[PDB]
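Okay, structure first, notes after.
All chains are named by letter (A, B, ...) in the order of the sequence lines, taking the proteins before the strands, and each is independently numbered beginning at 1.
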Amino acid sequence: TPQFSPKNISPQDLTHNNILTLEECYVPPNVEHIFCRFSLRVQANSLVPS
Amino acid sequence: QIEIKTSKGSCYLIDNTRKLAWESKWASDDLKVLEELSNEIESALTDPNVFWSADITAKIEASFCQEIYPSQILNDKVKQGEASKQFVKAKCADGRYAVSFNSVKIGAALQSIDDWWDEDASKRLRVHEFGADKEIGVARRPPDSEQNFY
Amino acid sequence: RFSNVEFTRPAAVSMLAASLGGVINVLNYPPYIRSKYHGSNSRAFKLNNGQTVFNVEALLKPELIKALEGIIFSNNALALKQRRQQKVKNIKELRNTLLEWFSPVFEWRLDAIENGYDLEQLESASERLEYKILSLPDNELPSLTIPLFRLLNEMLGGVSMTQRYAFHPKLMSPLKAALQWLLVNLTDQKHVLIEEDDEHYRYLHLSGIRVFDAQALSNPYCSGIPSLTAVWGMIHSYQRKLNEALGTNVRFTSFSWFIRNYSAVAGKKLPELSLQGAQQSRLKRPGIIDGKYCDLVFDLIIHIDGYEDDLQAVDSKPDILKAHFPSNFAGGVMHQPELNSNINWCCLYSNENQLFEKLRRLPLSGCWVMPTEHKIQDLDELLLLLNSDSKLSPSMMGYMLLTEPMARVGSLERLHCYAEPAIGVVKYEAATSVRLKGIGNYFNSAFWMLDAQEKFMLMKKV
DNA sequence: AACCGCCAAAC
DNA sequence: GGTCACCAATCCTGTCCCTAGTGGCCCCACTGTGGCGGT
RNA sequence: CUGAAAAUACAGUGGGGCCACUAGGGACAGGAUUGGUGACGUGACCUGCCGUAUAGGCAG
C-alpha cells in the first residue's frame with residue numbers, strides 16, 4: 001500500500017511475469033569496431049538577437 | 001404470398017393470391033388451408049373458454065419503386081403549411097414511423113361477406129344494419145324495407 | 001403545457017366553446033420514453049431536492065438541530081426518532097437524489113458491458129460508471145458499502161460544494177448513505193407481509209401487452225395516459241368473466257402499471273352511417289368529434305385474493321385464465337405480444353421475491369405509473385406543483401357523485417347517478433428508481449385500488 | 001306543414 | 001503455468017480581412033360529416 | 001363490467017426557364033525519455049528397414 005502495508009493478492013501471482021516487447025541493438029559477432037558519426041555546424045547567432 | 005401463424009401452433013401458407021378469387025374453384029391444398037383455418041375460427045367464435053390469436057403476413061413481389069396505398073387520416077381543418085393528404089403511421093422501436101392500415105380498415109375488409117341482400121347479388125357489402133354501399137352511396141337494405149337488421 | 005381540441009360548430013356545444021372559436025385547451029402531460037442515448041452525481045443535481053448548490057442547500061446546520069430540539073416534545077431521544085420519521089424520509093430523499101445518477105451509470109454499464117453514454121466521458125465524470133463502481137456484484141458492492149463512505153469525501157467537492165460539511169448530522173447522513181448501499185443492491189430483503197392475507201394471495205403478471213388507438217383524453221380536462229378507472233374496469237371485467245367461467249370467487253384487489261412504449265396517433269375517427277335523429281330520422285353520417293389517441297405497450301401486475309381452494313382452482317386452468325383476458329382497452333384494441341416474441345405473457349406467482357426477481361429485468365426506458373399523496377386546493381397549486389416536478393402528470397382519478405342514486409329511464413343498472421370526473425396527480429417513476437428503492441417500497445407504494453364510498457369513487461394507494 | 005334558416009371565432 | 005514493470009512530464013508570443021450581392025412569373029381544390037323551434 | 005357498445009377518408013395531378021466569387025499574403029524562435037528484467041524440461045513425434053543419397057519410400 002502507499003504507507004507500506006502488504007495487500008493480500010495470490011502468493012503465486014508475485015512470482016508471475018510481465019510480457020515486455022522491446023527493441024534491442026547488439027554488435028554483430030566478430031565485428032571489432034563500431035562507429036558513431038555526427039556533423040557540427042557553428043554560426044555567430046549570439047552577437048545580435050534574431 | 002400470405003403466411004398465417006396461429007397461437008394453437010399451426011402455420012398456413014397461400015403461395016399466390018392472384019390464382020384465387022371469391023367465386024373461382026381453388027386447388028385442393030388451398031381448400032385444405034381454408035377448411036382447417038375456418039374450423040379454428042369457428043371454434044374461437046363458438047367456445048368462450050379458448051384463447052385464439054393469429055399473426056397474418058402478406059409478402060408481395062414489388063415492382064421497381066412501386067407506389068404503396070396505406071390508410072389516409074381524416075382531416076377537415078388542414079393548415080396552409082401541412083400536407084392535404086397524410087397517411088396513418090405506427091412508431092417503431094426506434095424513432096421511425098411505418099406507414100400502416102387502421103384496425104377498422106382491416107375489420108371492414110374481413111367482414112365484406114354480405115351478398116344475401118339480393119337473390120343474385122354479385123357484390124359483397126361490408127356487414128351493416130342498413131347494407132350501406134360506399135361506391136353507389138345508397139342503402140341495399142333500406143330503412144323502409146324488411147331486409148334491414150331492425 | 002396544453003394541447004388543442006377543435007369543434008365544428010362551437011355554439012351548439014356551449015357559450016365557453018363559442019367564445020374560444022371551438023378551440024378548447026386540455027392539459028398535455030404524456031409519458032416520454034426514448035430508446036436512444038444516455039447523453040456525474042447530473043441526475044441528483046437535476047432532481048433538485050438533491051445537490052449541486054441549494055434549494056435546499058445548505059443545512060448549514062442549526063436548521064436540522066433546531067427542528068430536532070422543537071420535536072423534543074416527548075423526550076430528546078423519542079423526538080430525534082420523530083424528527084427522523086420525516087427527516088429520515090428527507091435524509092432518504094437526499095440519498096435517493098444522489099443515487100439517481102449512480103442508478104443511470106450502473107444501468108448503462110449493464111446494457112453496454114461496453115459503455116455509459118460515453119465510456120471515457122463517464123470515467124471523466126466525478127460520479128459516473130467507474131471500473132471501481134464496477135464490481136464488487138450487484139450485492140457485494142452494497143455489502144462492501146465502502147464506495148458510499150468514499151463518495152462522502154467527493155461530497156467535499158460536489159453534492160454540496162464547500163459549506164455545511166461537519167454541520168447539523170453530516171455523519172448521520174453519511175451513515176444513512178452507507179445503509180442505503182446495502183439497500184441499493186441485491187440478493188437481500190425477502191419476506192413477511194400482512195398483504196394480501198396469510199390463506200395465501202396470488203400475483204398475475206401480464207407482460208408485453210400492445211394496445212392500438214386507446215383514448216389519451218382520460219377526462220375532457222387532461223391528455224396523456226389512458227384513465228386508471230379504464231385499467232380498473234378492464235381488470236374488473238376480467239375478474240367477473242374468470243369467476244363466472246371457473247365458478248370461483250377470487251378478488252382482483254390492486255394492480256401496478258408499467259408503460260414500456262407510448263406514441264400519440266394523429267387524425268380524427270370517421271363515424272359510420274346510421275339513422276341520425278331529426279323530425280324525420282335519416283340514414284347519414286354523424287358529426288366528426290375530435291379526440292386524442294395513443295398506441296402503447298405495457299405490463300400489468302394484478303394482486304389476487306381469495307381461498308386457496310379458489311386460487312389453486314385458478315392456477316390449475318392456465319388456458320381458461322388466458323381465454324377470458326379482455327381485447328378492449330379505453331376504446332382501443334388490446335393484443336398479447338407477437339407469437340415469435342417467445343414471451344410467456346400470463347404468469348402466476350405465489351411469493352413476492354420471485355416476482356421482484358422477474359420484474360427488475362424490465363426495459364430501463366419504461367415508466368412505472370405511481371400513486372402520489374400531494375394535496376391540491378385549486379388549479380394554481382396543481383400548476384405550481386406541475387411546474388415544480390417534471391415527472392408529475394394531471395390524470396383522471398374517478399367520480400364525485402352530483403345527484404342521489406335513483407330509478408331513471410334509459411339507465412343500464414337499477415339506480416342511475418350523474419357524476420363529475422375528479423383531477424388527481426400520478427408520477428412517471430423510472431424502472432431504476434423503483435429497482436434501487438427496494439422490494440418493500442415497490443409492494444407498498446406502487447399498487448392502485450378503487451376507494452368506492454357513498455358519495456365518491458376514486459383511485460388511490462393501498 | 002316538413003323543410004329552409006340561424007348560429008361562433010381562441011393562438 | 002502464466003502475465004503484458006514503476007517514477008514524473010503536455011510550452012510562452014501575436015493575429016483571422018477588405019468590396020458587392022441573394023431575381024422576376026403564376027398558382028395553392030373540388031365531397032360529404034347539425035340541433036332546434038317555426039311558419 | 002373501462003367517458004361503456006359499433007365504425008373503410010377517399011378519387012385526379014409536368015415547377016419550370018436564365019447565371020463568371022474574385023483580387024493580395026513568410027508560422028517562427030529553444031528542447032537529454034530514463035532506470036530494471038530467465039519461455040518453458042509431467043513431454044507423445046519413438047525404434048528400425050530399403051535406398052549411392054540429411055533425395056524419396058516404408059514396418060510396428
Side-chain angles (χ1 to χ4, degrees), chain A residues 10 12-13 15-22 45 49-50, chain B residues 69-76 78 80-81 84-88 101-112 125-129 132 134-135 137, chain C residues 2 4-25 211 213-215 217-222 226-241 243-244 252 267-274 276-278 284-289 291 326 328-332 334 396 398-399 412-413 419-421 450:
Chain A
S10 314
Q12 73 172 12
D13 283 340
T15 190
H16 212 187
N17 284 301
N18 302 121
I19 299 301
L20 300 161
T21 311
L22 306 181
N45 294 328
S50 64
Chain B
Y69 305 100
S71 275
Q72 295 174 41
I73 76 164
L74 167 62
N75 205 347
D76 59 339
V78 68
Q80 201 273 337
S84 60
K85 172 173 167 181
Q86 304 186 66
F87 294 138
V88 174
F101 279 127
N102 285 316
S103 62
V104 287
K105 188 67 164 166
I106 301 296
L110 295 196
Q111 301 183 55
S112 297
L125 305 176
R126 191 256 184 277
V127 167
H128 194 250
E129 285 88 329
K134 195 186 182 200
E135 288 77 6
Chain C
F2 294 98
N4 293 307
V5 165
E6 289 84 348
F7 285 86
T8 306
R9 294 188 205 84
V13 183
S14 64
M15 208 201 77
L16 172 55
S19 69
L20 280 158
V23 185
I24 316 300
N25 298 286
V211 166
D213 296 23
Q215 291 164 18
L217 284 174
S218 309
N219 47 13
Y221 309 130
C222 312
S227 179
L228 285 155
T229 51
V231 186
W232 183 87
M234 187 256 285
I235 289 165
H236 199 67
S237 188
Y238 190 16
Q239 180 195 312
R240 284 181 92 270
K241 284 166 182 169
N243 284 334
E244 204 276 320
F252 287 18
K268 314 180 201 292
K269 292 191 169 181
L270 184 76
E272 67 178 337
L273 304 180
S274 55
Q276 290 308 286
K284 64 177 290 178
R285 209 172 286 282
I288 300 166
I289 304 174
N328 194 292
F329 180 61
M334 177 157 64
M396 174 64 159
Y399 305 96
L412 288 179
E413 296 300 325
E420 182 184 355
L450 184 85

Take nucleotides 35-40 of chain F nucleotide by nucleotide from the 5' end and write B, S or -, depending on whether a protein heavy atom sits under 4.0 Å from the base, only from the sugar-phosphate, or from neither. --B---
Report which part of the nucleic acid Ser227(C) touches: base, sugar-phosphate, or nothing (heavy-atom distance under 4.0 Å, all strands). sugar-phosphate
So, using salt bridge (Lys or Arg N to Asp or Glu O under 4.0 Å) as the criterion, who are the partners of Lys269(C) when residues are at least two apart? none
Taking a pair to be Watson-Crick (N1-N3 plus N6-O4 or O6-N4) or G-U wobble (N1-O2 and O6-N3), each under 3.5 Å, are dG14(E) and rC28(F) paired? yes
For the P atoms, the ones on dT31(E) and on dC11(D), what distance do you get once it is rounded to whole angstrom? 32 Å
Can you check whether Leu16(C)'s main-chain N or O pairs, donor with acceptor, with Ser19(C)'s side chain at less than 3.5 Å? yes
Is there a side-chain contact (heavy atoms from CB on, under 4.5 Å) between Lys134(B) and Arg126(B)? Walk through the geometry before answering. CA-CA 9 Å; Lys134(B) 195 186 182 200; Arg126(B) 191 256 184 277; over 6 Å; no
Can you check the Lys241(C) NZ to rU2(F) P distance for me, whole Å? 10 Å
Over how many whole Å does the gap from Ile289(C) atom CD1 to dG35(E) atom P extend? 11 Å
At under 4.0 Å between heavy atoms, what does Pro421(C) touch on the DNA or RNA strands: base, sugar-phosphate, or nothing? base
Please evaluate residues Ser274(C) and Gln276(C) with respect to the criterion side-chain contact (heavy atoms from CB on, under 4.5 Å), reporting the C-alpha separation (whole Å), side-chain torsions for both, the decisive distance (0.1 Å), and the verdict. CA-CA 6 Å; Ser274(C) 55; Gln276(C) 290 308 286; 2.8 Å; yes
With a 3.5 Å distance limit and no angle check, can you tell me whether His128(B) reaches the backbone of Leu273(C) through a side-chain donor-acceptor pair? yes
Closest approach of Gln215(C) to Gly331(C) (non-hydrogen atoms, all atoms of both residues): NE2-CA, 4.1 Å
Closest to the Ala18(C) side chain: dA8(D), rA11(F), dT33(E)? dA8(D)
Using a cut-off of 3.5 Å for both contacts, decide if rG31(F) and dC11(E) are a Watson-Crick or G-U pair. yes
Which nucleotide in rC1(F), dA5(E), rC10(F) has an atom nearest any side-chain atom of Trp232(C): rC1(F)
Check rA27(F) against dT15(E): Watson-Crick (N1-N3 plus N6-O4 or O6-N4) or wobble (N1-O2 and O6-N3), both under 3.5 Å. Paired or not? no
For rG12(F), does either OP1 or OP2 sit under 4.0 Å from a side-chain N or O belonging to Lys85(B)? no
